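In the authors' numbering, the protein residues as written are 37 to 437.
Quick reminder that beta carbons are idealized off the backbone N, C-alpha and C, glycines included.
Working notes for the structure below.
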Ligand SMILES: CC(=O)N[C@@H]1[C@@H](O[C@@H]2O[C@H](CO)[C@H](O)[C@H](O)[C@H]2O)[C@H](O)[C@@H](CO)O[C@H]1O
Ligand SMILES: [Zn+2]
Ligand SMILES: [Zn+2]
């Protein structure tokens, strides 16, 4: 048996903003109950996409945590990098606490490497009051009707879409991928096609919007993006479900009581589906001496549903229903937005990510930014992702067909 006190470390990249139940306050409740398994939780300091680069560094270094947030999209990459610990015999014990889709996303080759934490379906945030003022009385459901509506808004200095070039790798892959995967293993080789009917429909949608100066072009994480909400010019956008509290904070309160959540319209060749943008597991890393207790604490942490929901998470936990925080329904015109998130989750397409997808995402972000001044075409995002996808797999020494 272990010594009397086991010490577990947990690196996460949850927001911990004002009004949320802090990860350290969640963890402190566990620590008080479990003198036998003490947990130290720290928040990664840097850009989200860089966290797994730091994990890679610290695994090699022997400074790595026992547990670390790893996106579903990142898990095949960090697996291939040798950063994870097979914890199948532990995960099996907690499987029934989690929805089965997300659980399957902590697996590589029928071995499990952690537990799922949340999901990222894409939805549509809009200010219904401001849509009314422009005579937009229904969310238009075809790309053509939407683009027409967006041109009307733009003429009044309003925008019912954002183009977020710093997020193309996560959001635009999600949108295109709603209608079909880009990556599949066929026997001995990967088959890559990032230029699906979805990818084409997606490009055409944002291309028309950009050409019409009918979508904002501020990078999502820049002060200018927040400025566009505060000032009231951005009145609609695609967002990942986990953006709800971030968006609310970014608004400074502007439009409070008028905002609404809808399902994505049929704007991206998506045919009634949505797609994933982010969503994460927590993985047990290669050199953790205490996989059992790490997973025991994790199962408890990932089932603290209201606390997780305060972080904007749409939990993978099925142990109790997630509920809309009173602050959020107030902001969102009295709406039970959590119902919309679950509807979106249940209509979300599966999407396999190749190992090395981080390079695909980073390229997509680069090619996306070129379209803002019209020197690149939006379509280029996907032709480039094709070539970067193929080259990254070959660089990993993997076979591409
Ligand atoms: C795919 C990705 O990493 N997107 C980043 C966001 O990460 C999500 O963060 C929420 C918490 O706010 C959940 O943990 C979710 O599962 C993650 O996918 C991150 O919030 C933002 C801002 O730092 O960057 C995105 O790139
Ligand atoms: Zn205990
Ligand atoms: Zn142990």
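C-beta atoms of residue i and residue j nearer than 9 Å
i, j, result
"residue 47", "residue 104", "yes"
"residue 151", "residue 397", "no"
"residue 248", "residue 307", "no"
"residue 390", "residue 354", "no"
"residue 157", "residue 237", "no"
"residue 162", "residue 251", "no"
"residue 321", "residue 86", "no"
"residue 139", "residue 331", "no"
"residue 210", "residue 305", "no"
"residue 30", "residue 383", "This structure cannot settle anything about residue 30, because the visible part of the chain is limited to 37 through 437."
"residue 443", "residue 224", "Lying before the first or after the last residue shown, residue 443 is absent from the chain, which here runs from 37 to 437."
"residue 2", "residue 374", "Summary: the structure shown does not reach residue 2, with the chain confined to residues 37 through 437, and so no result is reported for it."
"residue 385", "residue 217", "yes"
"residue 72", "residue 41", "yes"
"residue 281", "residue 112", "no"
"residue 164", "residue 295", "yes"
"residue 60", "residue 84", "no"
"residue 348", "residue 166", "no"
"residue 232", "residue 215", "yes"
"residue 376", "residue 263", "no"
"residue 323", "residue 142", "no"
Exposure label - residue i; buried when at least 16 CB within 10 Å
i, result
"residue 168", "exposed"
"residue 148", "buried"
"residue 339", "buried"
"residue 239", "buried"
"residue 312", "buried"
"residue 82", "exposed"
"residue 190", "buried"
"residue 254", "buried"
"residue 433", "exposed"
"residue 153", "buried"
"residue 361", "buried"
"residue 409", "exposed"
"residue 173", "exposed"
Straight-line Cα distance separating residue j from residue i
i, j, result
"residue 359", "residue 134", "17 Å"
"residue 422", "residue 302", "24 Å"
"residue 199", "residue 289", "22 Å"
"residue 269", "residue 80", "32 Å"
"residue 406", "residue 412", "5 Å"
"residue 300", "residue 119", "36 Å"
"residue 401", "residue 414", "11 Å"
"residue 219", "residue 393", "10 Å"
"residue 310", "residue 100", "35 Å"
"residue 92", "residue 368", "40 Å"
"residue 314", "residue 279", "11 Å"
"residue 293", "residue 192", "22 Å"
"residue 261", "residue 115", "34 Å"
"residue 89", "residue 171", "48 Å"
"residue 365", "residue 58", "21 Å"
"residue 284", "residue 363", "10 Å"
"residue 145", "residue 180", "42 Å"
"residue 372", "residue 110", "31 Å"
"residue 241", "residue 259", "25 Å"
"residue 228", "residue 437", "8 Å"
"residue 64", "residue 244", "51 Å"
"residue 329", "residue 131", "16 Å"
"residue 53", "residue 222", "43 Å"
"residue 212", "residue 246", "17 Å"
"residue 267", "residue 159", "22 Å"
"residue 175", "residue 226", "39 Å"
Rounded distance between the beta-carbons of residue j and residue i, thought under 8 Å
i, j, result
"residue 178", "residue 352", "With 8 Å as the limit, residue 178 and residue 352 do not qualify as a contact, their Cβ atoms being about 33 Å apart."
"residue 404", "residue 201", "4 Å"
"residue 271", "residue 287", "No, residue 271 and residue 287 are not in contact; Cβ-Cβ is about 11 Å, not under 8 Å."
"residue 327", "residue 121", "6 Å"
"residue 387", "residue 75", "The pair is not a contact, with the Cβ atoms about 32 Å apart (cut-off 8 Å)."
"residue 418", "residue 62", "At roughly 40 Å, the Cβ-Cβ gap does not stay under 8 Å, so residue 418 and residue 62 are not in contact."
DSSP beta-bridge partners of residue i
i, result
"residue 161", "273 and 297"
"residue 392", "In DSSP, residue 392 forms no bridge with anything."
"residue 42", "73"
"residue 195", "270"
"residue 136", "Answer is none; residue 136 lacks a bridge partner."
"residue 310", "384"
"residue 436", "226"
"residue 107", "316"
"residue 219", "228"
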